[PDB]
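Per-chain numbering from 1; labels A, B, C, D, E and F assigned in written order.
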């Protein structure tokens, strides 16, 4: 449950986010779309990020919560 | 099943106990548990963050808890 | 729940778009996506290698693509 | 769980001191207070909830009779 | 589903093509595939070793193959 | 299906094995027992190794295969 409304709010409002991968790498951009397994992260070009490789999704400003 | 995980996280959420969450990569997160589901935890401070359970090694409350 | 993953990989495949695949350990693989299923991706170049999805962190096209 | 459960339960019942090695090399020490399918509650200086997916090996300080 | 993984590993096993298997920790194994199931691959050489799929990042054949 | 008879052979024949973990650590010993999720690796003190943390199991000698 929770993931969906939270990611959807980030998508809809085009909130800049930081995504930390399980290996410590930080990606930055905005959530273009997502499904059950992946997130499409936009910047220069989009990239498909697998959820299994993500540790934390951190928005740049406070957002409405589920 | 989740017979220990849920009441433990729920108690920490209800009582607003500050926690430390250690990730598998050694990074330490701090805050209060806002809510959780079977896959993620929403950790609160000025901005919340969504933490995937699969990346968590351990949850350490700042003070004692009891089921 | 592959409503995004499938069409996206399928588009990279059909258009033979050069991609970079980054593994969890930091290795960058380069090539084009020849095929894929629920668990693996067959990546072409000198030889075709089979990459397990569970090892992949990000897939990055060398040029923007349209869904 | 034909091996995992009675092994963890015996450690718990007999209060055996254990070392838990995490996949990232970190060693936790303590007493097994409780566990379910996914986590172990590790007691001492303060309790902590350890996710099994992060554990590589459980090493008791003395052998246990199953 | 397994509609790419199984035929690919089976082709490798049947043709006895030597492969390199890279693990997520960066170690490289080499051998021929003797058999496999949903979870493990039996990798042959001096002795046969059992490799869990979850620890594998890529399988690289020594020469290219027909699917 | 392949895992079980293979593990069973190593056990009942008491073949010494090296077990490599996903972090590169090597464990040595004999397989006392196992279930769907863990392997009990016997020696000095037994230790319960989680399957999710194992990369490869290597017998010290060739064994009959399934």
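Rule of thumb we're sticking to: a residue touches a chain if its C-beta (ideal position, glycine included) is under 8 Å from a C-beta of that chain, and two chains touch if they have at least 3 such contacts.
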- subunit A to subunit F, mean C-alpha position gap in Å, rounds to 39
- Whole-Å distance, C-alpha centre of subunit E to that of subunit F, is 20
- Message: For subunit B versus subunit F, what separation do you get between their C-alpha means, in angstrom?
- Response: 34
- Two or more other chains in contact with one residue: find those residues in subunit F. 22-23, 52
- Query: When you draw the chains as points and link the ones that touch, which shape shows up: line, ring, star, complete, or other?
  - Reply: ring
- Round the ring, starting at subunit C and heading to subunit E first, what is the chain order? C, E, F, D, B, A
- Task: Show which residues of subunit E lie in contact with subunit F when the two form their complex.
- Result: 23-25, 27, 29, 34-40, 42-43, 47-52, 54-55
- subunit A residues touching subunit B - in the complex, by the definition given at the top: 1-3, 6, 20, 22-24, 51-52, 54-63, 65-66
